[PDB]
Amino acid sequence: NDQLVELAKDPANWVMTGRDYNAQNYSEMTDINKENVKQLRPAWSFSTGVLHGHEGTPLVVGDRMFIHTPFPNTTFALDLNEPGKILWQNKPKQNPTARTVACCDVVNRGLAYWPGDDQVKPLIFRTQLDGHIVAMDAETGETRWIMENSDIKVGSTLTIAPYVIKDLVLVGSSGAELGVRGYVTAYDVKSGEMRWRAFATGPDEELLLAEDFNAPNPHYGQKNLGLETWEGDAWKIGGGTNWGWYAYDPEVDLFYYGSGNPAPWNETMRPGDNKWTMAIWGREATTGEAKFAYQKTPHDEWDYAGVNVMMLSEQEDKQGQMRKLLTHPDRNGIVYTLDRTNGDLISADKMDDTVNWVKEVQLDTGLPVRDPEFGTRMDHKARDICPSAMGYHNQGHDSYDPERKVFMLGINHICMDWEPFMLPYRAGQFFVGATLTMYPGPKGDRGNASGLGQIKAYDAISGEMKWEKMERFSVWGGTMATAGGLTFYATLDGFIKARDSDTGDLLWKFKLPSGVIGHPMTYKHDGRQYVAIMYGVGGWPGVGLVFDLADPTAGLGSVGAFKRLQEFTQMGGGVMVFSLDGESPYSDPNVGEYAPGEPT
């Protein structure tokens, strides 16, 4: 959508997940910088009325901030002129059974916005856990349409944030732990009429491939690999769901995203490279046809679901030429960079030397050289594999500083013990088939279950780490960088931190009500620069805390790794907003005060 890129040029709004189509979570504003970040204070706050994981970030368009929530996923609209008033709220009615088939908490990653045209005013889009995608008028919040995308009767839910391109709203999918075959779908923003749908496994007509799919890199694989890499009909239940993020290049009209892990976790029950799970996609937006696809993890064996953030940038080649790129910090521990117009493999570095499932990735063949000593297989218990299923990087939406040309990566430092087991597939039931035991990586404190995270500034071309810092817990919510030389992010233990982008020094922080798992956002209102972030620990890291568990292997093996978390935070939910000296529309006490008049 052209108007959306136009609206993104104004520091006034944050119209989509990663702020703009390049998904960089970067702001050109310098009001808040290294010099004055010490004076950053809370301007106002808002509780969502619901607990559980609060992922994603709010959207700002003019004098309005849009807030999504975890189950029952009610959407709120706040008046920025006086954040105290709630313009509107759309609260749906869902079958609480949907909560039953959610693998990793009832989270939701965000909303989407369509600029509207001369026929239909601006619309806000939301996805619901129960499988529905819905459109609502942005002014009043009243529902325009609703369509069914995923059936919870088969363990198919929705947690991903909808994404708008031109006149299409994209809807991903969740449920690989339930054996759901992954698929992305495009609906018309106005009618909600399905324009196309593309699966991650099976025949090439369901895979939706362009006549010249993977032509620039034939070795990546091309035709009929959707069936050929699976034994029998196993692909009908082979995951591949995309619940991560998107990116889009309007110039070549290609949006990018990653397909998830194959089902079940038991690798012995599914021989083959299981394509096209664990792949990076380059799909034509209007038609949905794939121009290229690169499988990062052939025949997965660790649940390295490849749905992570896709950050776009234009940097200089290692041979000295300007290349249009795509950087992607994967769950398997590798940070991939490709020519986003080719699928050309340019960089594939380990985010931490401790990654041991792979010795290295060959840039000429693109194949990862597995280290047999760390794979998984029936009748065997692999140990100290890194990364763990939670990966060295999860759902967190990171950022890129176009000026310093570095990526601010929120990393996880977790490894695991893994032993699979046989199990039948019953639609609607779980189809995992593996027992885990997770804990801190070699650089952490496995003795005390601490030191499970890291944040680093990475250079895609040189593959060098400008600076690295250890965090007590995994930095799960992503990051945001600004022209002010600051890199914001939040922690699971309750803080929003601001670091020096050049040195990685901690310049400021605040103790929010609860841990964070969403990414920071920034907008400008009434000539003032605000920084907002959501809080409310949850997601996979918090299932133990959230669902009061004690078995260390419970929560797909996450409960153990995070048993200490509860000593630093409890559940929560809301959005906290900051500014210099806590300046807000309420600095003048009277603003908002009751005056007999009419409805406030």
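Just count from 1 along the sequence shown to find any residue number.
Taking the mean C-alpha B-factor of each stretch as recorded, 76-84 and 330-338 are not equal, and the higher mean is that of 76-84.
Averaged over their C-alpha atoms, the temperature factors of 18-26 and 583-591 are higher for 583-591. In this entry, the residue among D459, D344, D105, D130 with the greatest C-alpha B factor is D459. Annotation for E228, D300, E289, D151: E228 ranks highest, by Cα B-factor. When the modelled residues of the chain are ordered by their C-alpha B factor, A138 lands in the highest third. Sorting the modelled residues of the chain by their CA temperature factor places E567 in the middle third. When all modelled residues of the chain are sorted by CA temperature factor, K318 is found within the highest third. Among the modelled residues of its chain, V358 has a C-alpha B-factor that falls in the highest third according to the deposited record. When the modelled residues of the chain are ordered by their C-alpha B factor, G239 lands in the middle third.
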